[PDB]
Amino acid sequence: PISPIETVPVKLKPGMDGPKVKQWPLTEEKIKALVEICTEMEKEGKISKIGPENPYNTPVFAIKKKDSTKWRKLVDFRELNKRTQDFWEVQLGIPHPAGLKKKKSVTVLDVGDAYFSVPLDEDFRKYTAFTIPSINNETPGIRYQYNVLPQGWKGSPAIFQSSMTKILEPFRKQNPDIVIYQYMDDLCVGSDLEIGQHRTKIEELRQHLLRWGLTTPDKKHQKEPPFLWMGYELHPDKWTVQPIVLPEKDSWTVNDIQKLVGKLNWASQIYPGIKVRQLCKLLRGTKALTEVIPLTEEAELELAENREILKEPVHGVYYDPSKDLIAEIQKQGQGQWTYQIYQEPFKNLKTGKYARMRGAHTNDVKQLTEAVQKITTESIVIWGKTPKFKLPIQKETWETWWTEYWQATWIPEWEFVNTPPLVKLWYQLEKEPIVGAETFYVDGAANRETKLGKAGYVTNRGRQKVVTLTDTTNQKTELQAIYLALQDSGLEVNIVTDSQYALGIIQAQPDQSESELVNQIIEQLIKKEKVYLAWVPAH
């Protein structure tokens, strides 16, 4: 077919040379094959049989696919590629159902060998030259080169696209009420017209493209709704989730339990209640992939439980610009959050959860805020707007924390919602020393080399204690001094320390960490009715 298309000016990376690789010799069966095809393409205007005036070459292979078992060629550009200049990023940001505006009707157009339809920068082809061997290194084979965007070449995806774009500018402006999407070879075209009007419009587009050389596939290959898009069945009224099969065997290898759990984790984003704690558990200390691990009862149970959930239909609605955008968030567990964005109650546009964001040390409100922003960024991309928030937290809780935290933070417009568990402040150090409460003067000391230390305090009330800690860091002790303190005090304590680390706990009053220690202290802190932390320089 080819085209009357303005080619794109392509160049080789900064000061390099085109690929110079020797043609892997082949069988007579693969040759007679390759020669066959290269005759067709040759005449389809795609490739040009050039002469020995070309030092550049690429390896032409020959495989048999299923759809025919007829010989199919293959050129290895791994080299032309790495020597090919760089292009701007080929749309790696792909559409998401939840962001599609529902349409009266939507066509999907296979743009066929769109690739081989676009001309190549003539001032470039040479680098595409490859050679059809002779019967096992005989005389000279047959030399060729491409005239069009080659399959497997680095810039083809990018160049093809741009072309299509320039070509769509017109038809598109000629009827601003028809939305079109380009990707791979899929030209999905929709609009809010009448099937006829619609049908008649596609035909206008197809002919238009055709006016350039872009031939669009049969009535045969023609795709029929719904459409599969990364595990999604899409009808232009709503979308269903392309069901996922959970294989059942009596022999599970590591490799499997992973592939398995893998898919499961992805299924958590849509299905409510999918857990894998026990399944992940089966990977502990495995010695190899093919290793067959027996499923525990737990593993068999949750695994069996999940089977049902997936055996449930989770449909979907499309994006209606005329309706609000709402996002609701739940705290499935500490650090674990789930969200669902919808315009109409129960008609969810999108859902998802974020694997527990464990960290060095944060608090819920913090974490919530992060979930909030992760969502927001998502939203912008999907709908070009941020949603209204329904958050499991009281405005008072929010004001108190935020209006006082050492870090710039914020949550776009929201509304409280009482979908317990609610997120709250497990505790709040006193703004001032407690009058009455006992006062502990703690101190922790250890040899960092011997890792041996002591820890303790001495209250104003005469109380006192100390402990021998074998194998420890100086920190652990200090904090341990602090720990004991909270253990041995009443429900109101005044504690002073020179540990600059506690000073951190003051400024951020975190409610979760990594070290059981801190953790323990938190559990303690949470328990008291009033705690006043005080730091003072050491020595």
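All residue numbers are counted from 1 along the displayed sequence.
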{"item": "Higher-B stretch (mean Cα B-factor, as the entry records it), 154-162 or 450-458", "value": "450-458"}
{"item": "Mean temperature factor over C-alpha atoms, higher-scoring stretch between 19-27 and 525-533", "value": "19-27"}
{"item": "Among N494, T497, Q512, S68 - the residue whose C-alpha B-factor is largest in the record", "value": "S68"}
{"item": "Most elevated Cα B-factor in the entry, residues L234, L391, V254, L209", "value": "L234"}
{"item": "Lowest, middle or highest third - CA B-factor, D185", "value": "highest"}
{"item": "Third of the chain, ranked by Cα B-factor, where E300 sits", "value": "middle"}
{"item": "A114 by Cα B-factor - lowest, middle or highest third of the modelled chain", "value": "highest"}
{"item": "Entry-reported Cα temperature factor of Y354, expressed as the chain third it lands in", "value": "middle"}
{"item": "Chain-wide C-alpha B factor ranking for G436, given as lowest, middle or highest third", "value": "middle"}
